[PDB]
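First up is the structure itself, then whatever we jot down about it.
In each ligand, atom 1 is the first atom listed, and ligand 1 is the first ligand listed. Residue numbers start from 1 in every chain, and the chains themselves are labelled A, B, ... in the order their sequence lines are given, proteins ahead of strands.
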2 protein chains.
Amino acid sequence: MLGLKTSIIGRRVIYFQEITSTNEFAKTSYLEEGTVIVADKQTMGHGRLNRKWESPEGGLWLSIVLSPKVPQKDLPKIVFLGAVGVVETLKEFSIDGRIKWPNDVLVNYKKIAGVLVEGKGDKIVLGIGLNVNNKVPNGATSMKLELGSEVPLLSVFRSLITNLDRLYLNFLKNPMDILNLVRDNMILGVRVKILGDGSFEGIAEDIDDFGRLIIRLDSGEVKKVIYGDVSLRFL
Amino acid sequence: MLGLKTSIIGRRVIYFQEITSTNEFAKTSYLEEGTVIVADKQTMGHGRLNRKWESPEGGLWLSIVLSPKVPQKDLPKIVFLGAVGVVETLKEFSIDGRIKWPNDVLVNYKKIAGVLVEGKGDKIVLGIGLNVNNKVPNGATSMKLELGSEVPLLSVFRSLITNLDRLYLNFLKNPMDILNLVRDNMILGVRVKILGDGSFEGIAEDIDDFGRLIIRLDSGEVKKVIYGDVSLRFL
Ligand SMILES: Nc1ncnc2c1ncn2[C@@H]1O[C@H](COP(=O)(O)OC(=O)CCCC[C@@H]2SC[C@@H]3NC(=O)N[C@@H]32)[C@@H](O)[C@H]1O
Ligand SMILES: Nc1ncnc2c1ncn2[C@@H]1O[C@H](COP(=O)(O)OC(=O)CCCC[C@@H]2SC[C@@H]3NC(=O)N[C@@H]32)[C@@H](O)[C@H]1O
Ligand SMILES: [Mn+2]
Ligand SMILES: [Mn+2]
């Protein structure tokens with residue numbers, strides 16, 4: 001009845017009035033490639049490193065089951081597929097979303113969406129959380145808060161699935177293509193601070209051919225940040 | 001992201017771009033009560049017995065999982081809940097549908113929808129087929145044809161599912177109410193013929209407290225017809 005016309009992502013969709021977490025459901029359940037798990041609200045929304053994600057009604061909370069037939073070295077680029085997908089859909093709604101390494105999309109430096117990729121094997125779960133018409137935590141923003149008016153959620157859904165379908169199909173073909181789109185749409189050239197084992201500061205200049213963030217320290221030293229147990233902050 | 005506000009029916013919806021039969025899928029896979037199985041297109045549409053149900057794009061093909069734990073005798077009224085439901089949403093779109101015993105709803109005697117309930121284990125699958133914008137078989141009709149314009153498929157979906165939910169919740173408490181609604185919306189007082197070995201004709205008088213069709217043959221003899229492999233024809 002939805003009439004989706006995408007090739008893989010969205011071949012099926014399981015909608016929930018509410019769920020604990022779409023990622024948890026997708027990881028746990030036996031689902032086929034391309035199945036999309038979406039829910040009005042999550043009671044146990046999750047972010048990275050055991051962080052929790054507010055998921056009240058009005059936002060877009062979905063997860064996509066994937067089985068990327070590409071080399072294991074490319075898997076980390078999947079988080080970017082999500083990130084660019086959102087950016088593209090925000091641009092469709094004339095919202096200037098910008099990517100923040102490693103998994104965030106901001107509007108005027110205020111987070112409007114999160115992206116979390118979990119699992120491995122032959123089943124990757126692409127989790128996405130965009131604020132649309134829902135209330136959001138302090139410091140964050142939403143499509144509705146950006147346009148000054150409510151946005152038809154189902155329209156945002158169709159737009160995102162459509163972009164992700166195209167992005168994903170091309171990624172299976174050319175796994176490198178995504179990083180060009182990531183560069184063009186990521187927040188670079190500004191001072192950033194990296195928290196992992198200890199921490200350091202410098203300018204985030206670009207992402208290399210592995211999606212790793214390249215930081216140039218004041219000492220002229222250049223570090224390559226790989227996403228894992230790490231956090232990025234703007235100065 | 002659908003924002004459905006149903007109590008039971010529509011708590012979860014599993015959409016497919018394509019499927020064999022939503023009824024069969026709903027029968028073979030464990031699903032929770034209220035789960036709705038819907039597809040843009042069915043490849044193996046199913047009618048009663050071994051009849052096929054055309055299910056091209058543009059129509060509404062869905063099945064709902066139920067386990068109403070009320071007396072066994074009432075179980076057969078499920079089909080009517082589906083038909084009355086279709087009749088209700090049709091009126092919402094200004095179309096007057098009429099229930100043809102036992103599982104059909106006609107619009108000026110042209111079949112616009114059909115209902116098919118299958119009882120698997122102690123789980124009951126209510127199957128519904130409604131023609132909306134799709135191509136229909138010769139002799140049949142669709143909402144698009146009655147209105148002369150395309151109808152937003154999702155709008156009809158929301159409408160039917162809120163209606164069924166309401167009808168169902170009351171069924172669980174007052175399983176006897178549904179019959180009245182059927183009598184008020186069924187095609188009776190007319191001449192019909194019931195086919196099969198033992199075929200006969202008569203006036204379709206009323207519907208039993210069991211949902212049986214009461215027929216008055218020209219002899220004055222009254223037969224109570226149960227829906228099995230009997231075929232109802234209008235003369
Ligand atoms: N609704 C919201 N909008 C903006 N920021 C939020 C937010 N809710 C929480 N936050 C903040 O963002 C941080 C989380 O950031 P992270 O970078 O680690 O994590 C993320 O940004 C990923 C979020 C992924 C959410 C989706 S919803 C569909 C799927 N099902 C799930 O359970 N999860 C995924 C938190 O620690 C908060 O400070
Ligand atoms: N699209 C259509 N519109 C009107 N009539 C149709 C039609 N497709 C087929 N027919 C005719 O209607 C007859 C079928 O009548 P019956 O009374 O037996 O059967 C019905 O009227 C029940 C149809 C139930 C359809 C739904 S779709 C969702 C679910 N998944 C399934 O696989 N099935 C259910 C056929 O013999 C055809 O002649
Ligand atoms: Mn983040
Ligand atoms: Mn029939």
Shortest non-hydrogen separation from [X] to [Y] and the atoms involved:
{"X": "A/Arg183", "Y": "A/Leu188", "answer": "O-CD1, 4.3 Å"}
{"X": "A/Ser55", "Y": "A/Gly45", "answer": "OG-CA, 3.9 Å"}
{"X": "A/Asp208", "Y": "A/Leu179", "answer": "O-CD2, 4.2 Å"}

Exercise for the section: Give a yes or no on whether a salt bridge exists between A/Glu88 and A/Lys91, defined as a side-chain N under 4.0 angstrom from a carboxylate O. Expected result: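 Judged by the 4.0 Å cut-off on N to carboxylate O distance, A/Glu88 and A/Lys91 do not form a salt bridge.
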One residue to check: [X]. Relative to ligand 1, which of side chain, backbone, both or neither has a non-hydrogen atom less than 4.0 Å away?
{"X": "A/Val136", "result": "side chain"}
{"X": "A/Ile128", "result": "backbone"}
{"X": "A/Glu54", "result": "both"}
{"X": "A/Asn134", "result": "neither"}

Practice task
Assess A/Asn103: does it contribute an N, O or S atom lying under 2.8 Å from the Mn ion (ligand 3)?
Solution key: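 It does; at least one qualifying atom falls short of 2.8 Å.
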Exercise for the section: Would you kindly check if the NZ (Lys) or CZ (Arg) of B/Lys77 is within the cone defined by 45 degrees around the ring axis of B/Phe171 and under 6.0 Å from the six-membered ring centre? Expected result: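 Pair B/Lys77/B/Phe171 does not count as cation-pi.
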Only heavy atoms of [X], strictly under 4.0 Å: list the atoms of ligand 1 that pass.
{"X": "A/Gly45", "answer": "32 (O)"}
{"X": "A/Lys52", "answer": "9 (C), 35 (C)"}
{"X": "A/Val115", "answer": "21 (O), 22 (C)"}
{"X": "A/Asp104", "answer": "17 (O), 21 (O)"}
{"X": "A/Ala140", "answer": "4 (C)"}

Considering only the protein, which heavy-atom contact is closest to [atom], and what is its distance?
{"atom": "atom 28 (C) of ligand 1", "answer": "A/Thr22 OG1, 3.1 Å"}
{"atom": "atom 20 (C) of ligand 1", "answer": "A/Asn103 ND2, 3.4 Å"}
{"atom": "atom 24 (C) of ligand 1", "answer": "A/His46 O, 3.7 Å"}
{"atom": "atom 3 (N) of ligand 1", "answer": "A/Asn131 ND2, 2.8 Å"}
{"atom": "atom 14 (C) of ligand 1", "answer": "A/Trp53 CE3, 4.0 Å"}
{"atom": "atom 32 (O) of ligand 1", "answer": "A/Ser21 OG, 2.5 Å"}
{"atom": "atom 18 (O) of ligand 1", "answer": "A/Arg48 N, 2.8 Å"}
{"atom": "atom 21 (O) of ligand 1", "answer": "A/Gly114 CA, 3.0 Å"}

Exercise for the section: Kindly compute the distance separating CD1 (A/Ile99) from CD1 (A/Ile207), expressed to the nearest 0.5 Å. Expected result: 8.5 Å
Practice task
Could you go through the side chain to side chain donor-acceptor pair (under 3.5 Å) check for B/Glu146 and B/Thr141 one step at a time?
Solution key: CA-CA 7 Å; B/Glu146 296 305 323; B/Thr141 185; 2.7 Å; yes
Practice task
Answer whether the closest heavy-atom distance between the side chains of B/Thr43 and B/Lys41 falls below 4.5 Å.
Solution key: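 Sidechains of B/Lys41 and B/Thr43: in contact.
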Exercise for the section: Indicate yes or no: at least one non-hydrogen side-chain atom of A/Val107 is less than 4.5 angstrom from one of A/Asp96. Expected result: no
Exercise for the section: Applying salt bridge (charged side-chain N to carboxylate O under 4.0 Å, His left out), name anything that partners B/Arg11, two or more places apart in sequence or on another chain. Expected result: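 Result, salt bridge (charged side-chain N to carboxylate O under 4.0 Å, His left out) vs B/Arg11: B/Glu32.
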Problem - A/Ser55 near ligand 1 by a heavy-atom separation under 4.0 Å - result: no
Exercise for the section: Verify side-chain contact (heavy atoms from CB on, under 4.5 Å) between A/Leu126 and A/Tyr168, making sure each step is shown before the conclusion. Expected result: CA-CA 11 Å; A/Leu126 198 183; A/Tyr168 184 63; over 6 Å; no
Practice task
Can you confirm whether something in the protein, heavy atoms only, sits under 4.0 Å from atom 30 (N) of ligand 1?
Solution key: yes
